[PDB]
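Q:
There are 2 protein chains.
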Amino acid sequence: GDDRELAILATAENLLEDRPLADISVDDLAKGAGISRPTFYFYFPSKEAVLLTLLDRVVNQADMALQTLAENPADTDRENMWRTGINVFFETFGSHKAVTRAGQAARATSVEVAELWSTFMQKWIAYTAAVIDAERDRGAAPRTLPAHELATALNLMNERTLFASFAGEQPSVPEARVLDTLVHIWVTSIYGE
Amino acid sequence: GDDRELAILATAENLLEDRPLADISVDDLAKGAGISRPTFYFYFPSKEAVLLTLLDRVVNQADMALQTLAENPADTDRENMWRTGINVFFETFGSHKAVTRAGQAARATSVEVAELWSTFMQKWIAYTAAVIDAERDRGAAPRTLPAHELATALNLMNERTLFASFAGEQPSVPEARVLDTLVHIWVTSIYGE
Ligand SMILES: CCCCNC(=O)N1CCC(C)CC1
Ligand SMILES: CCCCNC(=O)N1CCC(C)CC1
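As given, the protein sequences belong to chains A and A', one line each in that order. A prime marks a further copy of an entry chain.
The first sequence maps to residues 22 to 214 in the deposited numbering.
The second sequence maps to residues 22 to 214 in the deposited numbering.
1. Taking Cβ to Cβ, would you say residue 139 of chain A is nearer than 8 angstroms to residue 171 of chain A?
2. Name, going along the chain, the residues of the segment 166–197 of chain A' whose beta-carbon falls closer than 8 angstroms to a beta-carbon of chain A.
3. Going by DSSP, what residue range makes up the alpha helix (DSSP H) through residue 69 of chain A?
4. Round the Cβ separation of residue 47 of chain A and residue 63 of chain A to the nearest angstrom and send it over; I've been treating them as touching at under 8 angstroms.
5. In chain A, which residues lie less than 8 angstroms from residue 139 of chain A' when you measure between Cβ atoms?
6. Can you list the residues of chain A that residue 146 of chain A' reaches, using a CB-CB cut of under 8 angstroms?
7. Measuring only between beta-carbons, confirm whether residue 149 of chain A' sits less than 8 angstroms from chain A.
8. Considering only heavy atoms of ligand 2, does any lie closer than 7 angstroms to the CB of residue 81 of chain A'?
9. Verify the CB distance criterion: does residue 107 of chain A have a CB-CB separation below 8 angstroms to chain A'?
10. Hey, residue 178 of chain A' and residue 122 of chain A are a contact pair by Cβ (cut 8 angstroms); roughly how many whole angstroms apart?
11. Between residue 216 of chain A' and residue 50 of chain A', is the Cβ-Cβ spacing less than 8 angstroms?
12. Express the C-alpha separation of residue 207 of chain A' and residue 106 of chain A' in angstroms, rounding to a whole number.
13. Assuming residue 34 of chain A contacts residue 119 of chain A (C-beta within less than 8 angstroms), just tell me the rounded distance between them.
14. Which of the three DSSP states, helix, strand or coil, is assigned to residue 106 of chain A'?
15. Let me check understanding here. Comparing Cα to Cα, which of A:159, A:101, A:193 and A:131 lies closest to residue 204 of chain A?
16. Counting only the same chain and skipping the five closest in sequence on each side, list residues whose C-beta sits under 6 angstroms from that of residue 163 of chain A.
17. Quick one: grab the DSSP three-state call for residue 53 of chain A.
18. Please report the straight-line C-alpha distance between residue 113 of chain A' and residue 187 of chain A, rounded to a whole angstrom.
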């Protein structure tokens, strides 16, 4: 039961490395998973649904990693603090490039994909803003822009920059340079006057 | 000749306010423009082509405005300098919200839309980096990150943040707050150590 569902999800992730979801058929997915077509339709209503579940797993992986970090603060300077946090997303999404790509493309066509992305981006922004607020309260960061609006722009920067880097879009920051680039912009904008 | 082409483009821009390109038919476009279907196909091979031409016009409008600014430097502090520049994009894309939305969505499905976007983003990044380099040469900005990589991340931030603001995505910066938010992040990251 969960065996064949997992195999469907694994097949989909493997195939999305090579082609977009549009050029992957339900037959392709069932064949890869060792099942028939109608047995596929037992587990998922559509190939779009498969991509939704893949994206849900990746987003929750990132979220759970960020929670783990928030419970286990590393003992470091504020630069390293933000770097370790940004790195959760760099590593988690960067380990699932094909899902990230296809998920971000689905936002324009799937309400459910858009909603998933929005839910988690709201959470991540809210947490960012709470950390900025804590830095301001302890006197380390100046009271400049509204923390939630600063957090929003920085999170959107990271989304667009990380995803362009992973896809080798032109233009993009090289993947080996993206974490230094983002961390600089976060630290200067959060702590600068 | 150019009358009916222009009418097609105007009809398309008006209809994309209400629905995505997928729910707009070639019949809808021809009807709005006062022409027949086969007369449409004289002027454009497809509705996708119409969106490409709309996006090309908006991108070149922004580009020409930025050139005009680069030839006519305002006499101001460095904050205002970047603000006036960012404002070119805020105003130009913000005056064509429906084209911006539909164009950005087409990037995932149209090679020609992706290429157009890439060409101009490369230009805008290169110009940003040249201005940063000039600020460093005159001693106003510190030599921190590679100027071109900083420019790339800041331009991608602006793309994602402006477009989320215009679309009222959740999450987004309110439109009335986006220019202050971006300018802060640009100034602190360019001039901060
Ligand atoms: C990939 C979209 C979200 C990016 N968010 C992001 O990198 N972080 C959000 C939360 C904090 C603390 C660290 C950095
Ligand atoms: C909308 C995508 C491009 C954003 N680029 C951008 O806002 N600018 C690029 C160029 C400079 C000088 C000002 C600001």
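Idealized CB from N, CA, C, for every residue including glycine.
A: Reading it off the structure:
1. no
2. 166, 167, 170, 171, 173, 174, 175, 176, 177, 178, 180, 181, 182, 185, 190, 191, 192, 193, 194 and 195
3. 68–92
4. With 8 angstroms as the limit, residue 47 of chain A and residue 63 of chain A do not qualify as a contact, their Cβ atoms being about 12 angstroms apart.
5. 190, 191 and 192
6. 192
7. no
8. no
9. no
10. With 8 angstroms as the limit, residue 178 of chain A' and residue 122 of chain A do not qualify as a contact, their Cβ atoms being about 20 angstroms apart.
11. Only positions 22 to 214 of chain A' appear in the structure, and residue 216 of chain A' is not among them; the question remains open.
12. 11 angstroms
13. 6 angstroms
14. helix
15. A:101
16. 214
17. helix
18. 29 angstroms
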